[PDB]
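The chain contents come next:
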Amino acid sequence: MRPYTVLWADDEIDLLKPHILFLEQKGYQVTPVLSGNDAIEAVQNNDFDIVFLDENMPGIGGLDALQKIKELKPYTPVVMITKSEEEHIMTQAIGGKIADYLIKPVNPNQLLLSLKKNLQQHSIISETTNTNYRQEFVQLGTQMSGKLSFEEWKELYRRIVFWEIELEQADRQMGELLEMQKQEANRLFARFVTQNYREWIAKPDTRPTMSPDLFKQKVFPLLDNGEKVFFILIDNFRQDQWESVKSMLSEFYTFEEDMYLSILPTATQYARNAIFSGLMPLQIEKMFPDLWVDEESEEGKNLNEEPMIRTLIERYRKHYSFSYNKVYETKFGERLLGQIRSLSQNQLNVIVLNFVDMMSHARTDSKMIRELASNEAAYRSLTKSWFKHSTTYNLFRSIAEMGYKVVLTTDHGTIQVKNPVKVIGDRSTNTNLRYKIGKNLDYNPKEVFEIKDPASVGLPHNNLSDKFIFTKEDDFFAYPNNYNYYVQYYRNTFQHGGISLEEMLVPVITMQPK
Amino acid sequence: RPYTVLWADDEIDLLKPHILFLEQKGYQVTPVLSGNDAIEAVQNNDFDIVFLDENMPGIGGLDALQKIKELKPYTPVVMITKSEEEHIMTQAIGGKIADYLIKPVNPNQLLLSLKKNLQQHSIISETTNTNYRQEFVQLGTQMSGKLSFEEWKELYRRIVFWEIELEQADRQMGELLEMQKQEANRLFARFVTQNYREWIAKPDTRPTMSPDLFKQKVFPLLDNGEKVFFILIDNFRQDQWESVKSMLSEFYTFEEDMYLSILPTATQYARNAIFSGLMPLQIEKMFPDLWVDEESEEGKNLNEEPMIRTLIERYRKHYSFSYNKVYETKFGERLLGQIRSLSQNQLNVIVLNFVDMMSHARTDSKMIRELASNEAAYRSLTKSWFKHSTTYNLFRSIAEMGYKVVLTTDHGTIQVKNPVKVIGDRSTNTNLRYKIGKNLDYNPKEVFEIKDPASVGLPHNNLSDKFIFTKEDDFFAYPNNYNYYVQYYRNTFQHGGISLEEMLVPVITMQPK
Ligand code: BEF
Ligand code: BEF
Ligand code: BEF
Ligand code: BEF
Ligand SMILES: [Mg+2]
Ligand SMILES: [Mg+2]
Ligand SMILES: [Mg+2]
Ligand SMILES: [Mg+2]
Ligand SMILES: [Zn+2]
Ligand SMILES: [Zn+2]
Ligand SMILES: [Zn+2]
C-alpha cells in the first residue's frame, strides 16, 4: 500500500511529538504546521487524507480554519484535537462538520481509532458484512426449510431484506448468493400460501392478519384506548421500501414494526377496498352492492373508500370522527400539508398516497424510470429521494408535531418479474401481468394458482368470468400474439397482483411521536 | 425531553461518577451489567443512545453490538472500553459503532459524544445559518463591480457550495441565497451579452469555450505522454458535479475547473463544437459530410467519432483513441465488460446521458414534476442515478486502470420561472430558451438577439433567420394557449439560453489514487 497522509496543525506541535512518533510507526505520514493559515495553504496545494486541528492558535482559530478547509475539500475528514472543554467550542466544531473532537490529553490509540474509523470505515464494514453473511448464509437456508409458521415467515423475510440492503455495500457474489436464497424463499413461500389460502379465507379466527382484518387489529385498539391516529397508506410500498425510509422517520418517531398479509389478488381494487371496508371483496358487493365496482366497468375502482370507512366504523358500533384524503399530484400534497392542522379535530385521519404505485408502474413505460430504477437498489434509492423531497417527508413531520399516532402501512407490494407464463382468452385483465380473470382460459395449470371457485376466496366476478389464475414467484403472464416483444418489454419490470413475499407480506408500522 | 442513555458495563459501579456527571447535564442513564441485559433493555425500550463496554462476563460487547444494531439500526452505539487492541477497534468499526472511547474517559468527552450523535443535525443547521449570514456579505462584495472570468468561476463555485450547504438549514436562509443567485445570474447575463461577439471573433483572447475544450484540457495531457479517459456527461451542471464529487473522492484526486459553453447551450451545438473543435456553422463549410442541419429529422450527434478524428488531424497529432456512447444503463454493462480492452488507446472518449428532462411523454412529465420539483430533489436524483447506474462502477474501474480522467459536460440546465412572449411560425423550434426564425416577433429588450447568426458561428437558411435567447430564468411562451403553457412549463428544467447553470460548466481533471 501507500501510507495515509495526516496534516496536523497545532501551535504547540512540539508537545505532540510522542503522538506523531506513534502514528509514524503505524504507517502514517504526518505533516506538521503551526497555524490555521499554514494548514489552509497545505490543504489548498495538497491532497491530504485527513486533517488534525487545534482550536487555540496565534492567528486564525481552528474553527475558522475548519470552515475554509471544508469549502476547499468538503470530502476530507477533519478532526479537532484541542484542550478546550467549552461546550461552545464543541458545538461550533460539530456544526462545522467536524469528524471527531478529542480533548487533550489524548491517548495515542484514540488517534489510531479516528484514523481507522474516518479513513477505512467502508472497507471494514464491507469485510464484516461479507464475513457475517458467510457465517449466517447456511443458518438462513435451514431457517427456510421445513414447515414455517406465519410468524416464522415474517422474521425470515425481515432477515432476507436486511441482507439485501447490507449487501448493497459489500461483495458481488455474496449479493447474488442472497438472490438465490431470496429466490428459494419465494418458491417455498408460494407453496405455503397455496396450501393455506382457501382455509385462511374460510376460517377468519385462525388466519393471519389480512386486508379485511387490518383496521380491527391495528387501528381500533388505538382509537378505543383514547388515542388519536393518522392512518397513512402508501400504495404499493414493499417491506424493503419501509426499511429504506425508516431511519429518516426515526428522527421523529419510535416504531413497533409488524407485517401482515394482503389478500389475493394483490391489487388495489381488491386488497385496499378490503382494508377500508373490513370485508372480503365479495362481502362488499353482497352487503353494499352500491359501493362495489366490478372489474368490467370503466368507472374508478377505489373512489368509494371513504363511505366504506364509515360503514366499518358503524359496523363495529364505533362513533369515531374521521377524515379521508387521497393524494396523487404534487400540488395536492402541498395543499393537504397546508390544511393539515385543521384535521386535529378528528380522532382518525386517513391519508392515501398513490405516487409510489404510479412510479412503480412507470418502471414499465417511462424511459426515465427505467434509468432511475433499473434494479431494486436503485428502486429503493429512488424511493428515498421521493420520500425526502416530495411533501411526504414534511407531512410525516407535521403529524408528529400534532402528537398523533401514525399507522403507516400499504395494501400490497410489487415484484420484479423475470420469466413469462403463457396465457390466452381472458376478459379485461390484460392490464395486469400477475393475475387474470375470465372463462375458457388456456394455460398450464402447473404454472399458476387456480381459483375455479372465486366465491370461496371472497372474490366477486361478473357472469362473463368464472375463474381466477395467479402467477407465482417472479413470473408474468405473456400472450403469444406478440410474444417476443411482450417478453422483452416486460422482463425486469415491476408488477403486482400475484403471489410473492414482496407482494403479500407487507409492513404495518405503529409509530409514536418522539 | 431528557435524552436517555443505556450503559452496559460489568464494572458499572466504578462508573458512578461519570453517570452522576451526565445526570447533572440532563441525561437519564440506565445502568446494566452485561450484553444480554443491554440487548433485552434495547428490545423493550426506545433509548436514544447506548454506551457499551466490550469485556464482560457473558456475551462480549461486540456480540451485543451486532444484536442491538439489528434491533435498532438507527440508534447510535458508543463503545466505552479499556481495550486498545487493533482487532477490537476494527471489529467495533465493522459493527457500525458511532464512537469508541478508551478508558479512562474524560466526562466532557462523553458529553461531546452525546452532542455529536444525538443533536448533530440541528447543530449543523444553526451553524450553517449563522455562517451564511456572515458570508452573505463577502458574496455581495464579490459579485459587485465588473468581474473577470476567473472571478466568475470563484463566485459561481461559492454560490453552489452554499446552495447545497443551505439544504440543511432554515428556509428563510435559502430564500435569501436564492436572490443572491438571481443577482449573480442577472449580472452574468450582462457579462455574456456584452462580450459574446468578441469571444467568437477573437479566439486567442477568449475564455475557454466548447471548440477549445480538447486543446486546452485534453491535448496537453496526451502530449505529456499520459493516457486519458474523456467522459462527457450530457446536461451535467456545476451543482451536479458538487453532488457526486465525494463519491468520486474515494478513487480520485481533483483538479476542478470550469469553462463556457457556446450558444445555444444545446447538445446539437455545444457538444459538436467540443468534438469537432469548430463552431456549429463552420462545421458544414469545413466538413459537409459531418454537419447535420438542425432541420433534418435524423440525429445530429451520431458521427462524432469522425469529427474527433479530424480534430486530431488538424493539430497534427497521432493519438490512438476510441469513442463510445451509452444511451441506457444496459448498454453500459457491455462497455463495462470491454472497458479493460480500451487500455491500448491513449485517449478514450465516453458519452454518458443523464435522464432526459425534455420528455413530453405524459408519464415522464408526471414523474419529473414529483421527483424533480426543486433543485435539491434534482441533485438527489443525480446522486441516486450516479451511484446505482453503471456510472459508478465505470469510474471505479477506470481508476483501477490507472488512467487520467477528464470529466466534463457540454452544457447545463436551469429551472425556468417567468414567460417571455414570442410569436413564430409552425416551423419554429420547440426549445423554450432559444428560437430560430425567419419571422420572429418579441420584445428585443427581453432577450439576447443575434440578427446575423453567421457572425457568431451559427448556421441559418434565410437572410431573415435570427437566433434569440432567454436570460436568467426566463422561458419562451407562444400566444396560443399562453395561459396553459405558462402553467405547464413553469418550474421545469430547460436549456439553450444564457445562465450560470446552463453556460458555466465543470471540467474536472482527475488523478487515480
Ligand atoms: F490550543 Be489547542 F486548542 F489545544
Ligand atoms: F392501484 Be393498485 F395498487 F392496483
Ligand atoms: F471491560 Be470494558 F471492555 F472496559
Ligand atoms: F439537445 Be440537448 F437535449 F440539449
Ligand atoms: Mg494551541
Ligand atoms: Mg485565535
Ligand atoms: Mg468490562
Ligand atoms: Mg466475555
Ligand atoms: Zn395498491
Ligand atoms: Zn398498482
Ligand atoms: Zn448536451
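As drawn, each chain counts its residues from 1 in written sequence order, possibly unlike the entry's numbers, and residues without coordinates are not displayed. Chain labels run from A onward and ligand labels from 1 onward, assigned in the order the entries are written. Heavy atoms from the whole structure form the basis of all side-chain values; hydrogens and water molecules are not counted.

In the PDB header, X-ray crystallography is given as the technique by which the entry was determined, and 2.41 Å as its resolution.

## Remarks on the coordination of the magnesium ion (ligand 7)
Expected angles at a metal are 109.5 degrees for tetrahedral coordination by four donors and either 90 or 180 degrees for octahedral coordination by six donors. All names here are of chain B. Quick note on the threshold: Only nitrogen, oxygen and sulfur atoms within 2.8 Å of the metal, or 3.2 Å for Na, K and Ca, are treated as donors, and water is left out, so sites may look incomplete. Under the scheme applied here, a residue whose accessible area is under 20% of the maximum for its type counts as buried, over 50% as exposed, and between as partly exposed, the area being computed with a 1.4 Å probe on protein chains only.
At this site the magnesium ion (ligand 7) is bound by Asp10 (OD), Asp53 (OD) and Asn55 (O), with donor distances of 1.8 to 2.1 Å. Under the relative-accessibility criterion, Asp10 is labelled partly exposed at 27%. A relative accessible area of 54% places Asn55 in the exposed class.

## Some remarks on the sheet that holds strand β13 (residues 435-438) of chain A
Within a sheet, neighbouring strands are paired by backbone hydrogen bonds and run either parallel or antiparallel to one another. All names here are of chain A. In plain terms, the rule: Here the rule is simple: two strands pair whenever DSSP picks up at least two bridges between them. For the purposes of this entry, the term helix denotes a DSSP run of H or I that reaches at least four residues, the term strand denotes a run of E that reaches at least two, and both are numbered from the N terminus. What counts as an axis is a line fitted to C-alpha atoms, over the stretch in contact for a helix, and the angles between N-to-C directions run from 0 to 180 degrees.
Strand order in the open sheet formed by three strands is β13-β15-β14, with antiparallel pairing between adjacent strands. Each edge of the sheet is formed by a strand with only one pairing partner; in this case those strands are β13 and β14 (449-451). Averaged over all neighbouring strand pairs, the angle between strand axes comes to 15°, with direction disregarded. Where β14 and strand β15 (residues 467-470) come together, three bridges link them in antiparallel fashion. Among the inter-strand pairings, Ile451 is bridged to a residue of β15, identified as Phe468.

## Notes on the environment of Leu348 of chain A
Residues and elements named next belong to chain A. The test is simple: Between two residues, a contact is recorded if the distance between any of their heavy atoms is within 4.5 Å.
Here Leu348 is to be found in strand β9 (residues 348-353). Along the backbone, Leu348 and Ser323 are 25 residues apart, and their C-alpha atoms lie at a distance of 6.5 Å. Discounting residues that sit within four places of it in the chain, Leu348 has contacts with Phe215, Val219, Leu223, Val229, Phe231, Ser321, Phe322 and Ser323.

## Some details on the UniProt feature "binding site: Mg(2+) 1" (unreviewed entry) in chain A
Residue and element names in this part refer to chain A. The condition that has to hold: UniProt positions are given in the numbering used here, feature names are shortened, and annotations may be inferred rather than shown by experiment.
As recorded in UniProt, the sites labelled "binding site: Mg(2+) 1" (unreviewed entry) are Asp10, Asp11, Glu12, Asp54 and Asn56. Over a stretch of 47 residues, the named residues converge on one spot in the fold, their C-alpha atoms separated by at most 9.8 Å. For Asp10, the position within the fold is in the loop between β1 (5-9) and α1 (17-25). According to the relative accessible area criterion, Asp10 is buried, its value standing at 0%.

## A look at the packing of aromatic side chains
The geometry of an aromatic ring pair is captured by two quantities: the separation of the ring centres and the angle between the planes. Threshold: Any two of the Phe, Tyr and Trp rings considered here, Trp counted by its six-membered ring, make a pair once their centres fall within 6.5 Å; the pair's planes then place it as stacked at under 30 degrees, edge-to-face at over 60, or tilted in between. A ring is scored as having a charge over it whenever the NZ atom of a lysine or the CZ atom of an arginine sits within 6 Å of its centre and within 35 degrees of its normal.
Evaluation of the coordinates by the stated rule reveals 76 aromatic pairs over all chains. Centre to centre, the rings of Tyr435 of chain A and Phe470 of chain A are 6.3 Å apart; their planes meet at 35°, and the pair counts as tilted. Taken together, the positions of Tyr435 of chain A in strand β13 and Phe470 of chain A in strand β15 put the pair 35 residues apart, joining distant regions of the chain. What makes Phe470 of chain A buried here is its relative accessible area of 1%. Ring geometry for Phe275 of chain B against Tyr323 of chain B: centres 5.8 Å apart, planes inclined by 85°, an arrangement best described as edge-to-face. With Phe275 of chain B in helix α12 (residues 267-276) and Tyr323 of chain B in strand β8 (residues 321-326), this residue pair connects regions lying 48 residues apart in the sequence. By the burial criterion, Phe275 of chain B is buried, and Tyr323 of chain B matches it. Here a set of aromatic residues connected by ring pairs shows up, and it is made of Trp153, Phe189, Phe192, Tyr197, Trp200, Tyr270, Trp292, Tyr435, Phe449, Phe468 and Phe470 of chain A. One cation-aromatic arrangement involves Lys388 of chain A over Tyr393 of chain A; the distance from NZ or CZ to the ring centre is 4.8 Å. In this structure, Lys421 of chain B is placed above the aromatic ring of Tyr482 of chain B, and the distance from its NZ or CZ to the ring centre is 3.7 Å.

## Here we look at the coordination of the zinc ion (ligand 10)
The coordination sphere of the zinc ion (ligand 10) contains the protein donors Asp357 of chain A (OD), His361 of chain A (NE2) and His496 of chain A (NE2), at a distance range of 2.1 to 2.3 Å. Mapping the donors of the zinc ion (ligand 10) onto the primary sequence yields the spacing D-x3-H-x134-H.

## Thoughts on α1 of chain A
All names here are of chain A. For the record, the criterion: Each C-beta atom gives one direction from the helix axis, and the arc is the one those directions make.
All buried positions along α1 are accounted for by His19, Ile20 and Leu23. What you see down the axis of α1 is that its buried residues fit within an arc of 100°, all on one side. In this structure, the buried side of α1 is in contact with β1, β2 (29-33), β3 (50-53) and α5 (108-119). Among the residues trailing α1, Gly27 stands out with phi positive, at a value near 95°.

## A closer look at the interface of chain B and chain A
Operational definition: Summed over both partners, buried area is the accessible surface (1.4 Å probe) that two parts give up on being assembled. The term salt bridge refers to a pairing of a side-chain nitrogen on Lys or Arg with a carboxyl oxygen on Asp or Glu at a separation within 4 Å. Counting of polar contacts relies on pairs of N or O atoms within 3.5 Å, with two restrictions inside protein: one atom must be capable of donating a hydrogen and the other of accepting it, and residues adjacent in sequence are counted only when both atoms are side-chain atoms.
Contact with chain B, which involves 71 residues of that partner, is made by 72 residues of chain A. Across the interface of chain B and chain A, roughly 6400 Å² is buried in total on both sides, 57% from carbon and sulfur atoms. Across the chain B-chain A interface, the total number found is 10 salt bridges. For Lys116 of chain A, the salt bridge identified is with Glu86 of chain B, shortest N-O distance 3.2 Å. Applying the counting rule to chain B against chain A returns 26 residue pairs in polar contact. Here the element with the most residues in the side of chain B that touches chain A is helix α16 (residues 362-371) of chain B; it accounts for eight residues.

## Considerations on the UniProt feature "binding site: Mg(2+) 1" (unreviewed entry) in chain B
All names here are of chain B. Here the UniProt-annotated "binding site: Mg(2+) 1" (unreviewed entry) positions come out as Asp9, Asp10, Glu11, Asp53 and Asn55. For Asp9, the position within the fold is in the loop between β1 (4-8) and α1 (16-24). According to the relative accessible area criterion, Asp9 is buried, its value standing at 0%. Residues within four places of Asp9 in sequence aside, it is in contact with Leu15, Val32, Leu33, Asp53, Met56, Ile80 and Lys103. Of the polar contacts made by the side chain of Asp9, one reaches the backbone nitrogen of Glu11; its length is 2.8 Å. Along the chain, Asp53 falls in the loop between β3 (49-52) and α3 (61-71). For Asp53, a relative accessible area of 1% translates into the label buried. If we skip the residues at most four places from it in the chain, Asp53 touches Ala8, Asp9, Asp10, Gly61, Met79, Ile80, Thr81 and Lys103.

## Things to note about the sheet that holds β9 of chain A
Residues and elements named next belong to chain A. Spatially, six strands are ordered β7-β18-β10-β6-β9-β8 in an open sheet, and the strand pairing comes out mixed. Each edge of the sheet is formed by a strand with only one pairing partner; in this case those strands are β7 (253-261) and β8 (322-327). Averaged over all pairs of adjacent strands, the angle between strand axes in this sheet comes to 15°, irrespective of strand direction. Where β7 meets strand β18 (residues 505-513), nine bridges bridge the pair, whose relative direction is antiparallel. Paired with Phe255 across the two strands is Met511, which belongs to β18.

## Comments concerning the side chain of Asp465 of chain B
Residue and element names in this part refer to chain B. Spelled out, the test is: In this charge count, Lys and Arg are treated as positive and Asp and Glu as negative; neither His nor the chain ends contribute.
Examined against the element boundaries, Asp465 turns out to sit in the loop between β15 (448-450) and β16 (466-469). For the buried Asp465, no salt bridge exists, and the shortest N-O distance to an oppositely charged side chain is 6.7 Å, to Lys438. Among the polar contacts listed, one links the side chain of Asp465 to the backbone nitrogen of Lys438, at a separation of 3.2 Å. A distance of 3.0 Å separates a polar side-chain atom of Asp465 from the backbone nitrogen of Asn461.

## A look at a positive patch on the surface
Here is the rule: Patch membership requires over 30% relative accessible area and the absence of a salt bridge. Like charges are linked within 9 Å, and nonpolar side chains (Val, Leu, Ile, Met, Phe, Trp, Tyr) within 5 Å. The Shrake-Rupley method, run with a 1.4 Å probe, gives the accessible areas here. Residue values count only the displayed protein chains as cover. We put the charge of a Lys on NZ, of an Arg on CZ, of an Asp on CG and of a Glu on CD.
On the surface, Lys384, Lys388 and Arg397 of chain A together with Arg171 of chain B cluster together to form a positively charged patch. Within the secondary structure layout, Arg397 of chain A lies in helix α20 (residues 392-401).

## Here's the deal with the UniProt feature "binding site: Zn(2+) 1" (unreviewed entry) in chain A
Residues and elements named next belong to chain A. The UniProt entry lists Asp235, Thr268, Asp411 and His412 under the feature "binding site: Zn(2+) 1" (unreviewed entry), expressed in the numbering used here. Spanning 178 residues, the named residues form one tight spatial group whose C-alpha atoms are at most 7.9 Å apart. Structurally, the position occupied by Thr268 is in helix α13 (residues 268-277). What makes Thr268 buried here is its relative accessible area of 14%. Those residues in contact with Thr268, other than ones at most four positions away along the chain, are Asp235, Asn273, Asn302, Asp411 and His412. Take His412: it is sitting in the loop between β10 (405-409) and β11 (415-416). Those residues in contact with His412 that lie beyond four places of it in its chain are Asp235, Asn236, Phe237, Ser262, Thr266, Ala267, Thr268, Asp357, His496, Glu503 and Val506.

## Thoughts on the UniProt feature "binding site: Mg(2+) 3" (unreviewed entry) in chain B
All names here are of chain B. The positions UniProt marks with the feature "binding site: Mg(2+) 3" (unreviewed entry) are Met56 and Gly58. Excluding anything up to four places from it in sequence, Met56 contacts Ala8, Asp9, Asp10, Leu33, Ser34, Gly35 and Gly61. For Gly58, the position within the fold is in the loop between β3 and α3. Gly58 sits in the exposed class, given a relative accessible area of 68%.

## What about the packing of helix α2 (residues 35-44) of chain B against α3 of chain B?
Residues and elements named next belong to chain B. Condition: Comment on the angle field: the value is read as roughly parallel under 35 degrees, roughly antiparallel over 145, roughly perpendicular from 65 to 115, and oblique elsewhere. In the scheme used here, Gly and all other residues not listed as nonpolar or charged are polar, with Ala, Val, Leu, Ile, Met, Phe, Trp, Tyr, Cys and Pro taken as nonpolar and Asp, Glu, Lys and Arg as charged.
Viewed as axis vectors pointing N to C, α2 and α3 meet at an angle of 5°, and their least axial separation amounts to 10 Å. The angle between α2 and α3 places the two elements in the roughly parallel class. Of α3, the residues touching α2 (which contributes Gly35, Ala38, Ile39, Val42 and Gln43) are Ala64, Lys67, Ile68 and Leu71. Residues belonging to the contact of α2 with α3 are distributed by class as follows: six nonpolar, two polar and one charged.

## Quick word on the pattern of salt bridges
Residue and element names in this part refer to chain A. For the structure shown, the criterion picks out 67 salt bridges over all chains. Between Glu168 and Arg380 there is a salt bridge whose closest N-O contact spans 2.6 Å. Taken together, the residues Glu168 in the loop between α7 (150-166) and α8 (172-194) and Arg380 in helix α19 (residues 376-389) connect sequence positions 212 residues apart. Judged by its relative accessible area of 5%, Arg380 is buried. Among the salt bridges present, the one from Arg272 reaches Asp235, with a minimum N-O distance of 2.9 Å. Highlighted residues: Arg272 in helix α13 and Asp235 in the loop between β6 (229-234) and α12 (239-250), separated in sequence by 37 residues.

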